[PDB]
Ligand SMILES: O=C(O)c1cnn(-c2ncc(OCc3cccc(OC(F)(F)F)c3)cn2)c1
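Presented as structure tokens, the chain that follows is alone, the form solved without this ligand.
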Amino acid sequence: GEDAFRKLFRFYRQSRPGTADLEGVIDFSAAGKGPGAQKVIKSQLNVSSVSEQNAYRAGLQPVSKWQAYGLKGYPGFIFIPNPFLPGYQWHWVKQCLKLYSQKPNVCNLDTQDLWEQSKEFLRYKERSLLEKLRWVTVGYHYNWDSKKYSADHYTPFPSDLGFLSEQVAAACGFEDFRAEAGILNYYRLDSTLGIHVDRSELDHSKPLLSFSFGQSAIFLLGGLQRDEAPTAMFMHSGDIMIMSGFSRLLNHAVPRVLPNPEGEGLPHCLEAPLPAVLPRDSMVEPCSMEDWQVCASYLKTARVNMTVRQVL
């Protein structure tokens, strides 16, 4: 475009993956990028706020093994790399495609059953309801015209997703966090998310939690005004971003979902299977081969985002 954010947004939208174009983008998984990488600082977690039993029940590594980062100049911003136990990302992806999208919740659409159809479309050699799915709301449903939440329009918040969110929130120092409203977003390789501020509600003290699965994205985090040059960072599969306080007023964008380097394929962390024998006390359940096959085929050219907040 013209201004600093616009220039960087367009740069990354059009960049060539694999080349020196992405040398300035922060990769939190890899701990010499110039401005970007010098801003990276450790963000101290409240390790004792999440018991090993609770981490294991959510399908998470023990919090003592998590690495959390902040960025100098962006107070209230926390970036976790993938903390998920091997295999467990598949549970969340399955729940987002199969269960959470169903009509007890609201979705952009609202066989002929979505999951049964995609089961059959995979078998029928070479536009499905799953391919058309763009967003789903859970918990207190957001009204897109009303621009707010209401006690009349709600569904019980998925207890597995709520518990996961609250463990993450607790590790970040928000031990009283209540998962009450969620938006699930479904992106394609061509998907872009424009520069915006998440709309202002009086209290900004509670964290927004953002989970990503599937293909990697480039996220731009800017300033209070649109003109300030953003910092660029990767969001890889399993990574979690937490924004509270000051950071919730910042301009941000996702200019690019990056393809798998081989065109179509899955990130390395999704190669591990969900374990055969899960615990009895787990919030997670087994994933069937048939269900998995639909998830894998979908994720090869997609990114799923879950955004969780407290509204009351």
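Definition used throughout: the rigid core is the maximal C-alpha set that superposes within 1.5 Å between two forms. Numbering starts at 1 and follows the sequence shown.
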- line: Residues of the deposited chain absent from the coordinates between residue 110 and residue 111 total 4 to 9
message: I want to verify a possible break: how many residues of the deposited sequence sit between residue 126 and residue 127 without any coordinates (none, 1 to 3, 4 to 9, 10 or more)?
response: 4 to 9
- line: The stretch whose C-alpha atoms carry the larger average B-factor in the entry, 285 to 293 or 9 to 17, is 285 to 293
field: Residue stretch of maximal mean CA temperature factor, 223 to 231 vs 178 to 186
entry: 223 to 231
message: For the CA B factor values reported in this entry, which option in 62, 265, 245, 36 has the top one?
response: 36
Candidate residues 79, 149, 84, 92, the one whose C-alpha B factor the record puts highest: 149
Chain-relative CA temperature factor third for residue 280: highest
message: Splitting the chain's C-alpha B-factors into thirds, which one does residue 68 fall into?
response: lowest
task: State the tercile, meaning the lowest, middle or highest third, of residue 136 with respect to the CA B-factors recorded for its chain.
output: middle
- line: The third of the chain into which the C-alpha temperature factor of residue 160 falls is the middle
statement: The third of the chain into which the C-alpha temperature factor of residue 102 falls is the highest
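The form deposited with this ligand bound exists for this protein as well; it is not shown, and the discussion that follows is about that form.
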query: Given that the partner is absent here, does residue 252 sit within 4.5 Å of this ligand in the deposited bound form, heavy atoms only?
result: yes
- prompt: For residue 187, is any heavy atom within 4.5 Å of this ligand in the deposited bound form, or not?
  reply: yes
task: Verify the contact flag for residue 142: yes if a non-hydrogen atom of it lies within 4.5 Å of a non-hydrogen atom of this ligand in the deposited bound form, no if not.
output: yes
- prompt: Should residue 198 be classed as touching this ligand in the deposited bound form when contacts are defined as heavy atoms within 4.5 Å?
  reply: yes
- request: Would you kindly say which of 242, 161, 171, 235 lies with a heavy atom within 4.5 Å of this ligand in the deposited bound form?
  value: 235
query: Of the options 216, 95, 105, 210, which one has a non-hydrogen atom that comes within 4.5 Å of this ligand in the deposited bound form?
result: 210
query: Looking at 297 to 305, 284 to 292, 20 to 28, 5 to 13, which one sits within 4.5 Å of this ligand in the deposited bound form if you count heavy atoms only?
result: 297 to 305
message: Checking a candidate spot here: are 37, 69 and 78 all in contact with this ligand in the deposited bound form (at least one heavy atom each within 4.5 Å)?
response: no
- line: The one residue in 117, 191, 155, 143 whose CA moves 2 Å or more between the shown form and the other one on rigid core superposition is 143
query: Has the Cα of residue 203 moved 2 Å or more between the shown form and the other one, judged after a core fit?
result: yes
task: Mind checking the CA-CA distance of residue 241 and residue 145 in the deposited bound form? It differs by 3 Å or more from this form, so is it closer or farther?
output: farther
Closer or farther in the deposited bound form, the Cα atoms of residue 159 and residue 151, when the shift from this form is 3 Å or more: farther
